[PDB]
Ligand code: NA
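Residue numbers (my numbering): 64 to 524.
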């Protein structure tokens, strides 16, 4: 991804967009009960904690475009992945407007909580004023589609979340590029059934994990994997994607029956954004806008890994590459050992910056003991080995419980953390509950005990 130009929105006919400048994150009742070092990400250039230009820092993710066209290794990757998806017999017909709005099997309804994007954000009109879940009315939407059309600018928001001290000082805040409601709706009508098929088929055929339930999915993953695991992290995955990867994605779509609307991918590839009082054009780079976003990033990840394996290991048997991606995150395998360091080297030529799995200093062998997916380790249950626990380290949970975005959601927030934490074992879990109950807010919460969660887990299979 590369920003082509940036200038005052007024100069191109667009209004200034208002964006909050104060985080909703504040110390929780457990701020001093647990250890943590993360704090709210910088949201404005005037933040006292800054140690460098904010604007420059947030847009520095657009490192450029390393490639222009789709080479032969990419075309082969496209053929192999498309052929694989062909086995799913994905319904290729457009999804009706109602279902695209209020959902259907395999696709949840539009989030009435998120931004409606342009021009609604500037007209003060909100999703709640357009959508009606009780009636599933499409009249208001349809009228809005006819009026403002599609391919509208994406509204950029700084993401209000916790970040390390270094990232705060370096102004490395992540961005949200919200597509207009018109585009989200249009995109879901065009690819709704594709999204549904992926959501319903997490695994090594879709090569995707979007819509998965870790508590149940972890027990299924080991079986789908080949003998030798391999993995790596990406630095700024979304923004680093070159236009060629979007073209390769369109080829896949064309081959599986959606050649009909590959034009929608162009909107993601060559896109224009609104940020505050500025507008800019980006060539390449996946906008972080929705579940559609994550599915396409996942499909591209499948194309990337296949491409690097073909370029690095001529004669590789892609039919034995077993991988599952969630956006840029991935867990992969092959019958033979591969060199992640080599793959990373080939990756640079395709515009991808690949580093050792889980922040390792060097590229080390990935095993069932040290591998992580969605920040979770894999651990066989002590009593029933065939049941696999998704284990997220307590460190992350501790960091999260120390802050709140709304005192009214304390119960939900803490329960959600408990569902993640108990997998660390009964001893650790009880210590967690005892600390929570060391303050009045914690004592008033209705939280599940260990045996209750374990029984609930067994009963969910
Ligand atoms: Na883009």
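Cβ atoms here follow ideal geometry from the backbone N, Cα and C, with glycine treated the same way.
Candidates 405, 299, 490 and 91: closest to residue 476 by CA position:
What you label residue 476 is simply residue 413 of the chain shown in a count that begins at 1. Checking every option, the nearest Cα to that of residue 476 belongs to 91.
Does the beta-carbon of residue 385 have 16 or more other beta-carbons within 10 angstroms, so that it is buried, or is it exposed?
If you number the chain shown from 1, residue 385 lands on position 322. Buried, by the Cβ-count rule.
Please name the residue or residues paired with residue 68 in a DSSP beta bridge.
Along the chain shown, read from residue 1 onward, the residue named residue 68 stands at position 5. Residue 68 pairs with 344.
Relative to the C-alpha of residue 461, which residue among 491, 377 and 72 is closest?
Stepping through the chain shown from its first residue, residue 461 is reached at position 398. The shortest C-alpha separation from residue 461 is found at 491.
Could you say which of 220, 509, 188 and 266 lies nearest to residue 24 if we only look at CA atoms?
Any property of residue 24 remains undetermined from this structure, which presents the chain solely from 64 to 524.
Member of 229, 143 and 217 whose CA lies at the smallest distance from the CA of residue 239
Mapped onto the chain shown, residue 239 falls at position 176. When each option's Cα is compared against that of residue 239, the closest is 217.
Taking 8 Å as the cut-off, is the beta-carbon of residue 332 closer than that to any non-hydrogen atom of the ligand NA?
As a working note, residue 332 is residue 269 in the chain shown. Yes, Cβ of residue 332 sits closer than 8 Å to a heavy atom of the ligand NA.
Sort 522, 498, 132 and 519 by Cα distance to residue 314 and report the nearest one.
Here the question's residue 314 lines up with position 251 in the chain shown. Closest option to residue 314, Cα to Cα, is 132.
Applying the 10 Å Cβ sphere with the 16-neighbour rule, what's the burial state of residue 350?
Counting from one through the chain shown, the residue named residue 350 turns up at place 287. Burial call: buried.
Would the segment 179-198 count as touching the segment 423-440 if we require 3 or more Cβ pairs under 8 Å?
no
What is the residue span of the alpha helix (DSSP H) that residue 329 lies within?
Residue mapping note: residue 329 aligns to position 266 of the chain shown, counting from 1. That run of the alpha helix (DSSP H) goes 326-332.
Under a Cβ-count criterion, where at least 16 other Cβ atoms within 10 Å of its own Cβ denotes burial, should residue 125 be classed as buried or exposed?
Translated into the one-based positions of the chain shown, residue 125 becomes position 62. Under this definition residue 125 is a buried residue.
Could you tell me if the beta carbon of residue 286 falls within a distance shorter than 8 Å of some heavy atom in the ligand NA?
Translated into the one-based positions of the chain shown, residue 286 becomes position 223. Incorrect: residue 286 has no Cβ contact closer than 8 Å to the ligand NA.
In chain order, which continuous runs of the alpha helix (DSSP H) of length 4 or greater are located wholly inside the segment 348-424?
354-375 and 403-411
Closer than 8 Å: is that where the CB of residue 346 sits relative to any heavy atom of the ligand NA?
To locate residue 346, count along the chain shown from 1; it is residue 283. Checking the Cβ of residue 346 against the ligand NA gives yes.
Terminal residues of the continuous beta strand (DSSP E) containing residue 296?
Your numbering for residue 296 matches position 233 in the chain shown. Counting along the chain, the beta strand (DSSP E) containing residue 296 begins and ends at 295-297.
Would you identify the three-state DSSP class for residue 27, choosing helix, strand or coil?
Nothing in the structure corresponds to residue 27, since the chain is present only between 64 and 524.
For residue 266, which beta-bridge partners are listed by DSSP?
Indexing the chain shown from 1 puts residue 266 at position 203. Beta-bridge pairing links residue 266 to 271.
Roughly how many angstroms lie between the CA atoms of residue 236 and residue 378, to the nearest whole one?
On the chain shown, position 173 is the one that residue 236 refers to. On the chain shown, position 315 is the one that residue 378 refers to. If I take the Cα positions, the gap works out to 42 Å.
State the Cα-Cα distance for the pair residue 509 and residue 478, rounded to the nearest angstrom.
Counting from one through the chain shown, the residue named residue 509 turns up at place 446. Counting from one through the chain shown, the residue named residue 478 turns up at place 415. Approximately 8 Å, taken between the alpha carbons.
Do the CB positions of residue 416 and residue 299 come within less than 9 Å of each other?
Here residue 416 refers to the residue found at position 353 of the chain shown. Here residue 299 refers to the residue found at position 236 of the chain shown. The answer is yes: Cβ separation under 9 Å.
For the beta strand (DSSP E) that contains residue 452, what are its first and last residues?
As a first step, residue 452 is located in the chain shown; it is residue number 389 there, counting from the start. Its beta strand (DSSP E) spans residues 451-454.
Excluding the 5 residues flanking residue 374 on each side, which residues of the same chain have their C-beta closer than 6 Å to its C-beta?
Your numbering for residue 374 matches position 311 in the chain shown. Excluding residues within five positions, the ones whose Cβ falls inside 6 Å are 136 and 409.
Go through its chain and collect everything with a Cβ distance to residue 397's Cβ below 7 Å, but skip five positions before and after it.
Along the chain shown, read from residue 1 onward, the residue named residue 397 stands at position 334. Excluding positions up to five away in sequence, the list reads 289, 291, 293, 383 and 384.
Count the other CB atoms within 10 Å of the CB of residue 451; is the residue buried (16 or more) or exposed (fewer)?
Locating residue 451 in the chain shown gives position 388, where the first residue counts as 1. Classification of residue 451: buried, given that the 10 Å Cβ count is 16 or more.
Within 10 Å of its beta-carbon, does residue 507 have 16 or more other beta-carbons around it, so buried, or fewer, so exposed?
One-based indexing of the chain shown puts residue 507 at position 444. It is exposed - the Cβ of residue 507 has fewer than 16 other Cβ atoms within 10 Å.
Does residue 89 come out as helix, strand or coil in the three-state DSSP assignment?
Taking the chain shown and counting its residues from 1, the one referred to as residue 89 is at position 26. It is a strand residue.
Which residues in the same chain as residue 114 place their Cβ atom closer than 6 Å to its Cβ, once the five residues preceding and following it in sequence are excluded?
To locate residue 114, count along the chain shown from 1; it is residue 51. Cβ within range, chain order: 232.
Answer with buried or exposed for residue 102, where buried requires no fewer than 16 other C-beta atoms within 10 angstroms of its C-beta.
Position 39 of the chain shown holds residue 102. By the 10 Å Cβ count, residue 102 comes out buried.
Any chance the CB of residue 216 is under 8 Å from a heavy atom of the ligand NA?
The residue given as residue 216 occupies position 153 in the chain shown. Every heavy atom of the ligand NA is 8 Å or more from the Cβ of residue 216, so no.
Go to residue 220, then tell me how far its beta strand (DSSP E) extends in each direction, as first and last residue.
Counting from 1 along the chain shown, the entry for residue 220 is found at position 157. Residues 217-221.
Cutoff 8 Å; reference residue 280; Cβ partners in own chain excluding five residues on either side
Residue numbering aside, residue 280 sits at position 217 when the chain shown is read from its first letter. Excluding residues within five positions, the ones whose Cβ falls inside 8 Å are 265, 272 and 453.
Going by beta-carbon coordinates alone, are residue 108 and residue 118 separated by less than 9 Å?
As a position in the chain shown, residue 108 is number 45, starting the count at 1. As a position in the chain shown, residue 118 is number 55, starting the count at 1. In this structure, residue 118 lies closer than 9 Å to residue 108 by Cβ.
Would you kindly work out how many angstroms separate the C-alpha atoms of residue 213 and residue 182, rounded to a whole number?
Here residue 213 refers to the residue found at position 150 when the chain shown is read from its first residue. Here residue 182 refers to the residue found at position 119 when the chain shown is read from its first residue. The straight-line gap from Cα to Cα measures roughly 11 Å.
Inter-residue Cα distance where the pair is residue 145 and residue 308:
The count along the chain shown starts at 1 and reaches residue 145 at position 82. The count along the chain shown starts at 1 and reaches residue 308 at position 245. About 14 Å.
May I ask you to list the residues that DSSP assigns as paired with residue 103?
Locating residue 103 in the chain shown gives position 40, where the first residue counts as 1. 225, per the DSSP bridge assignment.
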